[PDB]
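This is data.pdb (PDB, C-alpha atoms and all ligand atoms).
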```
ATOM      1  CA  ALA A   1      11.572 -28.933  -4.874
ATOM      2  CA  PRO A   2       8.562 -29.829  -7.032
ATOM      3  CA  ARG A   3       9.139 -30.144 -10.759
ATOM      4  CA  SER A   4       6.315 -27.650 -11.325
ATOM      5  CA  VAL A   5       4.781 -24.827  -9.254
ATOM      6  CA  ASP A   6       1.966 -22.382 -10.076
ATOM      7  CA  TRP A   7       0.643 -20.239  -7.229
ATOM      8  CA  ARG A   8      -2.308 -18.991  -9.305
ATOM      9  CA  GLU A   9      -3.765 -22.507  -8.820
ATOM     10  CA  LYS A  10      -3.905 -21.886  -5.053
ATOM     11  CA  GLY A  11      -5.351 -18.362  -5.033
ATOM     12  CA  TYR A  12      -2.145 -16.452  -4.184
ATOM     13  CA  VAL A  13      -2.235 -13.995  -7.105
ATOM     14  CA  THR A  14      -4.522 -11.028  -7.820
ATOM     15  CA  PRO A  15      -5.716 -10.384 -11.387
ATOM     16  CA  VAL A  16      -3.247  -8.750 -13.746
ATOM     17  CA  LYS A  17      -2.856  -4.985 -13.323
ATOM     18  CA  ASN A  18      -1.695  -2.261 -15.725
ATOM     19  CA  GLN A  19       0.984   0.286 -14.826
ATOM     20  CA  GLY A  20       0.116   2.504 -17.784
ATOM     21  CA  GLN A  21       2.516   5.277 -18.800
ATOM     22  CA  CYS A  22       4.353   5.376 -15.477
ATOM     23  CA  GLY A  23       7.699   3.790 -14.605
ATOM     24  CA  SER A  24       6.128   2.047 -11.620
ATOM     25  CA  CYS A  25       6.937  -1.617 -12.367
ATOM     26  CA  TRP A  26       8.710  -1.785  -8.994
ATOM     27  CA  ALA A  27       5.479  -0.940  -7.165
ATOM     28  CA  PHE A  28       3.472  -3.626  -8.980
ATOM     29  CA  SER A  29       6.137  -6.270  -8.415
ATOM     30  CA  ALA A  30       6.194  -5.278  -4.731
ATOM     31  CA  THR A  31       2.409  -5.384  -4.278
ATOM     32  CA  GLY A  32       2.383  -8.726  -6.084
ATOM     33  CA  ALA A  33       4.797 -10.356  -3.636
ATOM     34  CA  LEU A  34       3.165  -8.756  -0.599
ATOM     35  CA  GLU A  35      -0.254  -9.905  -1.828
ATOM     36  CA  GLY A  36       1.130 -13.447  -1.921
ATOM     37  CA  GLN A  37       2.616 -13.333   1.570
ATOM     38  CA  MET A  38      -0.450 -11.661   3.066
ATOM     39  CA  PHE A  39      -2.638 -14.385   1.547
ATOM     40  CA  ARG A  40      -0.397 -17.090   3.004
ATOM     41  CA  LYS A  41      -0.619 -15.353   6.390
ATOM     42  CA  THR A  42      -4.350 -14.557   6.604
ATOM     43  CA  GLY A  43      -6.051 -16.489   3.802
ATOM     44  CA  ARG A  44      -7.368 -13.175   2.444
ATOM     45  CA  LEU A  45      -6.348 -12.041  -1.062
ATOM     46  CA  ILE A  46      -6.611  -8.242  -1.105
ATOM     47  CA  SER A  47      -5.363  -6.030  -3.928
ATOM     48  CA  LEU A  48      -2.814  -3.513  -2.596
ATOM     49  CA  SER A  49      -2.209   0.126  -3.541
ATOM     50  CA  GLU A  50       0.671   0.742  -5.945
ATOM     51  CA  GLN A  51      -0.286   4.424  -5.714
ATOM     52  CA  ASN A  52       0.450   4.444  -1.956
ATOM     53  CA  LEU A  53       3.959   3.243  -2.810
ATOM     54  CA  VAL A  54       4.332   5.713  -5.698
ATOM     55  CA  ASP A  55       3.279   8.755  -3.659
ATOM     56  CA  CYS A  56       4.836   7.928  -0.276
ATOM     57  CA  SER A  57       8.017   5.799  -0.492
ATOM     58  CA  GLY A  58      10.363   8.582  -1.630
ATOM     59  CA  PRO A  59      12.207   8.644   1.728
ATOM     60  CA  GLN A  60      13.192   4.994   1.162
ATOM     61  CA  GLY A  61      14.720   5.773  -2.261
ATOM     62  CA  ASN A  62      11.851   5.287  -4.706
ATOM     63  CA  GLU A  63      11.175   7.869  -7.403
ATOM     64  CA  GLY A  64       7.513   7.328  -8.278
ATOM     65  CA  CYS A  65       7.006   7.110 -12.039
ATOM     66  CA  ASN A  66      10.778   7.588 -12.521
ATOM     67  CA  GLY A  67      11.543   4.149 -11.103
ATOM     68  CA  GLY A  68      12.271   2.417  -7.833
ATOM     69  CA  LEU A  69      13.092  -0.941  -6.263
ATOM     70  CA  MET A  70      10.913  -3.650  -4.701
ATOM     71  CA  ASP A  71      13.181  -3.764  -1.625
ATOM     72  CA  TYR A  72      12.686  -0.023  -1.064
ATOM     73  CA  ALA A  73       8.927  -0.598  -1.216
ATOM     74  CA  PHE A  74       9.107  -3.419   1.340
ATOM     75  CA  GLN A  75      11.143  -1.118   3.568
ATOM     76  CA  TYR A  76       8.524   1.640   3.251
ATOM     77  CA  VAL A  77       5.740  -0.704   4.342
ATOM     78  CA  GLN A  78       7.818  -1.720   7.374
ATOM     79  CA  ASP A  79       8.804   1.875   8.187
ATOM     80  CA  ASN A  80       5.244   3.151   7.646
ATOM     81  CA  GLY A  81       3.508   0.381   9.587
ATOM     82  CA  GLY A  82       1.072  -0.467   6.815
ATOM     83  CA  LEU A  83      -0.078  -0.186   3.224
ATOM     84  CA  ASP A  84      -3.503   0.828   1.959
ATOM     85  CA  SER A  85      -5.790  -1.325  -0.138
ATOM     86  CA  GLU A  86      -6.074  -0.786  -3.864
ATOM     87  CA  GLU A  87      -9.790  -0.037  -3.417
ATOM     88  CA  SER A  88      -9.223   2.881  -1.040
ATOM     89  CA  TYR A  89      -6.133   4.334  -2.786
ATOM     90  CA  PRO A  90      -6.545   3.424  -6.471
ATOM     91  CA  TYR A  91      -3.812   3.538  -9.100
ATOM     92  CA  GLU A  92      -3.342   6.848 -10.915
ATOM     93  CA  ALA A  93      -0.301   6.211 -13.188
ATOM     94  CA  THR A  94       1.051   9.593 -11.998
ATOM     95  CA  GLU A  95       2.673  10.682  -8.755
ATOM     96  CA  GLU A  96       0.773  12.976  -6.376
ATOM     97  CA  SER A  97       1.240  13.963  -2.735
ATOM     98  CA  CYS A  98       1.238  11.177  -0.148
ATOM     99  CA  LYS A  99      -2.254  10.296   1.089
ATOM    100  CA  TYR A 100      -1.520   7.239   3.238
ATOM    101  CA  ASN A 101      -4.343   6.633   5.722
ATOM    102  CA  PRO A 102      -3.719   3.974   8.410
ATOM    103  CA  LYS A 103      -7.499   3.443   8.661
ATOM    104  CA  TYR A 104      -7.423   1.647   5.291
ATOM    105  CA  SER A 105      -4.183  -0.274   5.841
ATOM    106  CA  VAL A 106      -4.662  -3.934   4.925
ATOM    107  CA  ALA A 107      -1.068  -5.152   4.842
ATOM    108  CA  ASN A 108       2.250  -4.923   6.656
ATOM    109  CA  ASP A 109       5.689  -6.457   6.509
ATOM    110  CA  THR A 110       8.651  -6.852   8.853
ATOM    111  CA  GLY A 111      11.404  -6.594   6.254
ATOM    112  CA  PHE A 112      12.526  -8.528   3.199
ATOM    113  CA  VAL A 113      14.795 -11.362   2.079
ATOM    114  CA  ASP A 114      17.173 -11.021  -0.867
ATOM    115  CA  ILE A 115      17.593 -14.398  -2.559
ATOM    116  CA  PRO A 116      21.047 -15.689  -3.612
ATOM    117  CA  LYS A 117      21.730 -14.930  -7.255
ATOM    118  CA  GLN A 118      21.292 -18.478  -8.589
ATOM    119  CA  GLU A 119      18.294 -19.871 -10.462
ATOM    120  CA  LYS A 120      18.134 -22.958  -8.284
ATOM    121  CA  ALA A 121      18.002 -20.688  -5.220
ATOM    122  CA  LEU A 122      15.148 -18.840  -6.928
ATOM    123  CA  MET A 123      13.438 -22.203  -7.566
ATOM    124  CA  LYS A 124      13.522 -23.153  -3.868
ATOM    125  CA  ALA A 125      12.181 -19.745  -2.863
ATOM    126  CA  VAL A 126       9.272 -19.984  -5.309
ATOM    127  CA  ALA A 127       8.490 -23.519  -4.115
ATOM    128  CA  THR A 128       8.572 -22.737  -0.383
ATOM    129  CA  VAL A 129       7.626 -19.043  -0.018
ATOM    130  CA  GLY A 130       5.215 -18.104  -2.798
ATOM    131  CA  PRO A 131       5.396 -15.465  -5.542
ATOM    132  CA  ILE A 132       8.760 -13.689  -5.709
ATOM    133  CA  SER A 133       9.663 -10.184  -6.876
ATOM    134  CA  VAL A 134      12.362 -10.276  -9.567
ATOM    135  CA  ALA A 135      14.161  -7.990 -11.994
ATOM    136  CA  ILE A 136      14.457  -8.855 -15.690
ATOM    137  CA  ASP A 137      15.881  -7.343 -18.857
ATOM    138  CA  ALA A 138      12.680  -6.321 -20.652
ATOM    139  CA  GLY A 139      14.322  -3.869 -23.069
ATOM    140  CA  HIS A 140      13.842  -5.735 -26.343
ATOM    141  CA  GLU A 141      11.011  -5.527 -28.888
ATOM    142  CA  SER A 142      10.762  -9.319 -28.800
ATOM    143  CA  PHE A 143       9.583  -8.923 -25.211
ATOM    144  CA  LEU A 144       7.335  -5.901 -25.807
ATOM    145  CA  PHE A 145       5.473  -7.815 -28.546
ATOM    146  CA  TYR A 146       5.676 -11.235 -26.843
ATOM    147  CA  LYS A 147       2.590 -13.348 -27.519
ATOM    148  CA  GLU A 148       2.959 -16.918 -26.204
ATOM    149  CA  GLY A 149       5.450 -19.704 -25.566
ATOM    150  CA  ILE A 150       8.824 -19.719 -23.834
ATOM    151  CA  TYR A 151      10.501 -16.347 -24.292
ATOM    152  CA  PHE A 152      14.226 -16.533 -25.041
ATOM    153  CA  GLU A 153      16.141 -13.493 -26.312
ATOM    154  CA  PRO A 154      19.786 -14.244 -27.262
ATOM    155  CA  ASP A 155      20.688 -10.585 -26.643
ATOM    156  CA  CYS A 156      19.134 -10.445 -23.213
ATOM    157  CA  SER A 157      21.524  -9.336 -20.464
ATOM    158  CA  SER A 158      21.821 -11.062 -17.099
ATOM    159  CA  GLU A 159      23.045  -7.821 -15.474
ATOM    160  CA  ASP A 160      21.135  -5.006 -17.264
ATOM    161  CA  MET A 161      17.769  -5.557 -15.615
ATOM    162  CA  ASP A 162      15.257  -2.754 -16.031
ATOM    163  CA  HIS A 163      11.801  -4.198 -15.285
ATOM    164  CA  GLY A 164      10.412  -5.495 -12.006
ATOM    165  CA  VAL A 165       7.930  -8.369 -12.316
ATOM    166  CA  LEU A 166       6.621 -11.314 -10.277
ATOM    167  CA  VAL A 167       7.542 -14.998 -10.597
ATOM    168  CA  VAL A 168       4.431 -16.996  -9.666
ATOM    169  CA  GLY A 169       5.838 -20.432 -10.448
ATOM    170  CA  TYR A 170       7.796 -22.582 -12.855
ATOM    171  CA  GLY A 171       7.428 -25.664 -14.990
ATOM    172  CA  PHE A 172       8.572 -27.608 -18.021
ATOM    173  CA  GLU A 173       7.211 -27.827 -21.563
ATOM    174  CA  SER A 174       6.270 -31.402 -22.293
ATOM    175  CA  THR A 175       7.942 -32.251 -25.658
ATOM    176  CA  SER A 177      14.139 -32.111 -23.032
ATOM    177  CA  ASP A 178      16.500 -29.330 -24.194
ATOM    178  CA  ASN A 179      15.429 -25.782 -23.226
ATOM    179  CA  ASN A 180      12.032 -26.960 -21.995
ATOM    180  CA  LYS A 181      11.857 -25.281 -18.571
ATOM    181  CA  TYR A 182      10.350 -21.875 -17.892
ATOM    182  CA  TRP A 183       9.549 -19.366 -15.181
ATOM    183  CA  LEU A 184       5.921 -18.260 -14.893
ATOM    184  CA  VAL A 185       6.049 -14.465 -14.764
ATOM    185  CA  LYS A 186       3.254 -12.013 -13.973
ATOM    186  CA  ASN A 187       3.731  -8.716 -15.831
ATOM    187  CA  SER A 188       1.987  -5.390 -15.153
ATOM    188  CA  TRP A 189       1.016  -4.408 -18.710
ATOM    189  CA  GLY A 190      -2.645  -5.408 -18.632
ATOM    190  CA  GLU A 191      -4.377  -8.684 -19.389
ATOM    191  CA  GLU A 192      -4.063  -8.257 -23.156
ATOM    192  CA  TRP A 193      -0.264  -8.473 -23.146
ATOM    193  CA  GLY A 194       1.244 -11.919 -23.634
ATOM    194  CA  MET A 195      -0.618 -14.922 -22.227
ATOM    195  CA  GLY A 196      -3.365 -13.231 -20.267
ATOM    196  CA  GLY A 197      -0.739 -10.875 -18.865
ATOM    197  CA  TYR A 198       1.829 -13.632 -18.232
ATOM    198  CA  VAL A 199       5.076 -14.629 -19.943
ATOM    199  CA  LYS A 200       6.967 -17.923 -19.832
ATOM    200  CA  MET A 201      10.656 -17.040 -19.434
ATOM    201  CA  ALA A 202      13.458 -19.495 -20.224
ATOM    202  CA  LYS A 203      14.602 -21.264 -17.052
ATOM    203  CA  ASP A 204      17.988 -22.881 -16.360
ATOM    204  CA  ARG A 205      19.521 -21.261 -19.455
ATOM    205  CA  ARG A 206      22.259 -19.306 -17.621
ATOM    206  CA  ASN A 207      20.121 -16.846 -15.643
ATOM    207  CA  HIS A 208      18.459 -15.606 -18.803
ATOM    208  CA  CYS A 209      17.458 -11.892 -18.757
ATOM    209  CA  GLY A 210      18.837 -11.727 -15.167
ATOM    210  CA  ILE A 211      15.718 -13.212 -13.549
ATOM    211  CA  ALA A 212      17.769 -14.538 -10.606
ATOM    212  CA  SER A 213      20.010 -11.512 -10.076
ATOM    213  CA  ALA A 214      17.636  -9.316  -8.002
ATOM    214  CA  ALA A 215      15.042 -11.671  -6.452
ATOM    215  CA  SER A 216      13.363 -10.872  -3.134
ATOM    216  CA  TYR A 217      10.198 -11.148  -1.061
ATOM    217  CA  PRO A 218       8.759  -9.427   2.015
ATOM    218  CA  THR A 219       8.641 -11.012   5.452
ATOM    219  CA  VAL A 220       5.274 -10.761   7.286
TER     220      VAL A 220
HETATM  221  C1  LIG B 301      10.281  -0.222 -14.145
HETATM  222  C2  LIG B 301       9.294   0.058 -15.278
HETATM  223  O1  LIG B 301       8.257   0.562 -15.030
HETATM  224  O2  LIG B 301       9.646  -0.276 -16.587
HETATM  225  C3  LIG B 301       8.563  -0.767 -17.344
HETATM  226  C4  LIG B 301       8.195   0.274 -18.393
HETATM  227  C5  LIG B 301      10.955   1.104 -13.765
HETATM  228  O3  LIG B 301      11.676   1.482 -14.899
HETATM  229  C6  LIG B 301      11.932   0.832 -12.611
HETATM  230  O4  LIG B 301      11.697   1.184 -11.506
HETATM  231  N1  LIG B 301      13.150   0.089 -12.906
HETATM  232  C7  LIG B 301      14.083  -0.186 -11.813
HETATM  233  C8  LIG B 301      14.608  -1.644 -11.732
HETATM  234  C9  LIG B 301      13.476  -2.661 -11.859
HETATM  235  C10 LIG B 301      12.620  -2.665 -10.584
HETATM  236  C11 LIG B 301      14.101  -4.026 -12.101
HETATM  237  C12 LIG B 301      15.231   0.840 -11.737
HETATM  238  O5  LIG B 301      15.734   1.235 -12.735
HETATM  239  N2  LIG B 301      15.672   1.267 -10.398
HETATM  240  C13 LIG B 301      16.763   2.246 -10.250
HETATM  241  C14 LIG B 301      16.102   3.643 -10.333
HETATM  242  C15 LIG B 301      15.938   4.320  -8.959
HETATM  243  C16 LIG B 301      14.714   5.202  -9.043
HETATM  244  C17 LIG B 301      15.777   3.316  -7.819
END
```

Spell out the structure here as structure tokens.
Ligand SMILES: *[C@@H](C(=O)OCC)[C@H](O)C(=O)N[C@@H](CC(C)C)C(=O)NCCC(C)C
Amino acid sequence: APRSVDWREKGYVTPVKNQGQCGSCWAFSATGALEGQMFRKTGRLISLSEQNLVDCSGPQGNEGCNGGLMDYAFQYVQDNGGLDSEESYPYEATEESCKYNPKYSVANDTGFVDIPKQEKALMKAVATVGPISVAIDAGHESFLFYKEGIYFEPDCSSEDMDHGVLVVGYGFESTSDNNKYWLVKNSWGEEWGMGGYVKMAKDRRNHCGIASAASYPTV
């Protein structure tokens, strides 16, 4: 695997979005990964509807603004046979009745792959697949008010993950102990962190659980 990967450099990643006051992180992490795989497949980068997932993927186990899972979202897209564009079904930060329209479907997937729960397995996936949906422990004020640099929270849990985000690459901080990081796309707007991104400690014992719930859709 390469020592450094950053899929934003190759056009795989839409601009940072903002979930607002809705527990819909799972939907944004899911659209992020599917946007990456659809771009690899077609060469077209098209923003996808988190609202479609919020309103319609209840049968697969998601709960709208009361949470969900990226794998459930990938299953909905497979079950449903498509997912609408962001443009045609824009984000509302509240759940309403399902309004999926196949006429505006711009994506599909055939399932998903759950990655083994090891950071080096996550590294290979990021290097060979593209952006990867992951779960992290985001429940600390150090993370809420994160500004820049490599985030490391000694109290972070590797099993109490609560926030779905997107790993778009990894790297190392030039000038050899605790220098590696994951490049993570968050869904809290472009003002949060580093243009919406956070560098999360890598190879420091699965910090904040980043490798415990990693997955991507198959297209
Ligand atoms: C994520 C979120 O929006 O928090 C940022 C404020 C949601 O809380 C959420 O869906 N969390 C989720 C696990 C993530 C995807 C790692 C969860 O708790 N799922 C179980 C709840 C059930 C509705 C599936």

Return as a PDB file with C-alpha atoms, in the coordinates of the input the residues of protein, DNA or RNA that approach ligand LIG 301 (chain B) to within 7 Å, with only C-alpha atoms and all ligand atoms taken into account.
```pdb
ATOM      1  CA  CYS A  22       4.353   5.376 -15.477  1.00  0.00           C
ATOM      2  CA  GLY A  23       7.699   3.790 -14.605  1.00  0.00           C
ATOM      3  CA  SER A  24       6.128   2.047 -11.620  1.00  0.00           C
ATOM      4  CA  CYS A  25       6.937  -1.617 -12.367  1.00  0.00           C
ATOM      5  CA  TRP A  26       8.710  -1.785  -8.994  1.00  0.00           C
ATOM      6  CA  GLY A  61      14.720   5.773  -2.261  1.00  0.00           C
ATOM      7  CA  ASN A  62      11.851   5.287  -4.706  1.00  0.00           C
ATOM      8  CA  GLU A  63      11.175   7.869  -7.403  1.00  0.00           C
ATOM      9  CA  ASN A  66      10.778   7.588 -12.521  1.00  0.00           C
ATOM     10  CA  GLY A  67      11.543   4.149 -11.103  1.00  0.00           C
ATOM     11  CA  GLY A  68      12.271   2.417  -7.833  1.00  0.00           C
ATOM     12  CA  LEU A  69      13.092  -0.941  -6.263  1.00  0.00           C
ATOM     13  CA  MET A  70      10.913  -3.650  -4.701  1.00  0.00           C
ATOM     14  CA  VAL A 134      12.362 -10.276  -9.567  1.00  0.00           C
ATOM     15  CA  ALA A 135      14.161  -7.990 -11.994  1.00  0.00           C
ATOM     16  CA  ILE A 136      14.457  -8.855 -15.690  1.00  0.00           C
ATOM     17  CA  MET A 161      17.769  -5.557 -15.615  1.00  0.00           C
ATOM     18  CA  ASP A 162      15.257  -2.754 -16.031  1.00  0.00           C
ATOM     19  CA  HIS A 163      11.801  -4.198 -15.285  1.00  0.00           C
ATOM     20  CA  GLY A 164      10.412  -5.495 -12.006  1.00  0.00           C
TER      21      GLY A 164
END
```

Fill in the blank from the handout: Residue with the minimum atom-to-atom distance to residue 41 (chain A), picked from A:139, A:130, A:191, A:175 with all atoms listed in the file counted, is A:130

Practice task
Apply the PyMOL selection byres (((chain A and resi 98) around 9) and not hetatm) to the structure shown and report the selected residues as a ChimeraX atom specification.
Solution key: /A:51-57,95-97,99-100

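The two atoms in question, CA of residue 65 (chain A) and CA of residue 18 (chain A), are spaced 13.3 Å apart.
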
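Across A:167, A:185, A:5, A:129, the tightest approach to residue 198 (chain A) is made by A:185 when counting only C-alpha atoms.
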
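Relative to CA of residue 181 (chain A), CA of residue 4 (chain A) is found at 9.4 Å.
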
Handout entry: Explicit residues for the PyMOL selection byres (((chain A and resi 179) around 12) and not hetatm) (as a ChimeraX atom specification)
Key = /A:149-152,171-175,177-178,180-183,201-206,208

Handout entry: Selection: 9 Å around residue 124 (chain A), all atoms listed in the file, excl. self and same-chain fewer than 5 positions, as a ChimeraX atom specification
Key = /A:1-2,119,129

Would you save the residues from that selection as a PDB file, in the frame of the given file, using C-alpha atoms?
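What ended up in out_36.pdb:
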```
ATOM      1  CA  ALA A   1      11.572 -28.933  -4.874  1.00  0.00           C
ATOM      2  CA  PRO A   2       8.562 -29.829  -7.032  1.00  0.00           C
ATOM      3  CA  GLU A 119      18.294 -19.871 -10.462  1.00  0.00           C
ATOM      4  CA  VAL A 129       7.626 -19.043  -0.018  1.00  0.00           C
TER       5      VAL A 129
END
```

Practice task
Between CA of residue 118 (chain A) and CA of residue 168 (chain A), measure the distance and give it in Å to one decimal.
Solution key: 17.0 Å

Exercise for the section: Tell me which protein, DNA and RNA residues are within 6 Å of residue 219 (chain A), counting only C-alpha atoms, leaving out same-chain ones fewer than 5 positions away, and put them as an MDAnalysis selection string. Expected result: chainID A and resid 109:112

Fill in the blank from the handout: From the list A:218, A:11, A:197, A:90, the nearest residue to residue 43 (chain A) using only C-alpha atoms is A:11

Handout entry: Shell of 8 Å around residue 45 (chain A), only C-alpha atoms, local chain residues under 6 positions omitted, as a PyMOL selection string
Key = chain A and resi 11-14+35-36+38-39

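With only C-alpha atoms as the atoms that count, the residue of A:116, A:8, A:28, A:3 with the shortest distance to residue 190 (chain A) is A:28.
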
Problem - Distance query region 83-87 of chain A at most 9 Å, all atoms listed in the file, self and fewer than 6 positions along chain excluded, as number ranges by chain - result: A: 46-53, 76-77, 100-108

Output file for the residues above (C-alpha atoms, as a PDB file, in the coordinates of the input):
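Below is the file that was written, again-v2.pdb:
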```pdb
ATOM      1  CA  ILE A  46      -6.611  -8.242  -1.105  1.00  0.00           C
ATOM      2  CA  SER A  47      -5.363  -6.030  -3.928  1.00  0.00           C
ATOM      3  CA  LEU A  48      -2.814  -3.513  -2.596  1.00  0.00           C
ATOM      4  CA  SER A  49      -2.209   0.126  -3.541  1.00  0.00           C
ATOM      5  CA  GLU A  50       0.671   0.742  -5.945  1.00  0.00           C
ATOM      6  CA  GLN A  51      -0.286   4.424  -5.714  1.00  0.00           C
ATOM      7  CA  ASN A  52       0.450   4.444  -1.956  1.00  0.00           C
ATOM      8  CA  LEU A  53       3.959   3.243  -2.810  1.00  0.00           C
ATOM      9  CA  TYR A  76       8.524   1.640   3.251  1.00  0.00           C
ATOM     10  CA  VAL A  77       5.740  -0.704   4.342  1.00  0.00           C
ATOM     11  CA  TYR A 100      -1.520   7.239   3.238  1.00  0.00           C
ATOM     12  CA  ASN A 101      -4.343   6.633   5.722  1.00  0.00           C
ATOM     13  CA  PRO A 102      -3.719   3.974   8.410  1.00  0.00           C
ATOM     14  CA  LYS A 103      -7.499   3.443   8.661  1.00  0.00           C
ATOM     15  CA  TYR A 104      -7.423   1.647   5.291  1.00  0.00           C
ATOM     16  CA  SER A 105      -4.183  -0.274   5.841  1.00  0.00           C
ATOM     17  CA  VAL A 106      -4.662  -3.934   4.925  1.00  0.00           C
ATOM     18  CA  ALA A 107      -1.068  -5.152   4.842  1.00  0.00           C
ATOM     19  CA  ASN A 108       2.250  -4.923   6.656  1.00  0.00           C
TER      20      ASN A 108
END
```

Exercise for the section: Identify the residues within 9 Å of coordinate (2.3, -10.6, -28.4) (same frame as the file), considering all atoms listed in the file, and give the answer as a list in words. Expected result: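 The residues near that point, listed by chain and number, are residues 142, 143, 144, 145, 146, 147, 148, 192, 193, 194 and 195 of chain A.
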
Only C-alpha atoms, please: the residues just picked out, written as a PDB file, in the frame of the given file.
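Written file, part-v1.pdb:
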```pdb
ATOM      1  CA  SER A 142      10.762  -9.319 -28.800  1.00  0.00           C
ATOM      2  CA  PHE A 143       9.583  -8.923 -25.211  1.00  0.00           C
ATOM      3  CA  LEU A 144       7.335  -5.901 -25.807  1.00  0.00           C
ATOM      4  CA  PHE A 145       5.473  -7.815 -28.546  1.00  0.00           C
ATOM      5  CA  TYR A 146       5.676 -11.235 -26.843  1.00  0.00           C
ATOM      6  CA  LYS A 147       2.590 -13.348 -27.519  1.00  0.00           C
ATOM      7  CA  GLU A 148       2.959 -16.918 -26.204  1.00  0.00           C
ATOM      8  CA  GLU A 192      -4.063  -8.257 -23.156  1.00  0.00           C
ATOM      9  CA  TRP A 193      -0.264  -8.473 -23.146  1.00  0.00           C
ATOM     10  CA  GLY A 194       1.244 -11.919 -23.634  1.00  0.00           C
ATOM     11  CA  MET A 195      -0.618 -14.922 -22.227  1.00  0.00           C
TER      12      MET A 195
END
```
